[PDB]
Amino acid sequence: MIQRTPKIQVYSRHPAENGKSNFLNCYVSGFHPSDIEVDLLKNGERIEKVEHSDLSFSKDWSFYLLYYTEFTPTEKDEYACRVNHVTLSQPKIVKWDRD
């Protein structure tokens, strides 16, 4: 049985402007099977009240989900997305690279 590891993109809904509300997105795609753990991290810590899109899949049968929460970026706070999946030996963390 074939498994597929997730691709991960971390980005904001709008262009980042310190002080202004925005949305932080973690988009995981290309994975199979569908069980996946996705957490959003503020400076290192899990964020509560993160939502996510309903489970769908692409033409090649691999799944995708979008995890998001509202937030307000500062120059100080650093954000990241932490993904775990059966294909992954340890959780994988992708930092939000603003520019």
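One rule holds for the numbers: they count along the sequence shown, beginning at 1.
As listed in the deposited structure, the average C-alpha B-factor of 32-40 and of 66-74 is greater for 66-74. Once the C-alpha B-factors are averaged per stretch, 15-23 and 81-89 rank with 15-23 first. Sorting the modelled residues of the chain by their CA temperature factor places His52 in the middle third.
For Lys95, the recorded CA temperature factor ranks within the middle third of the chain's modelled residues.
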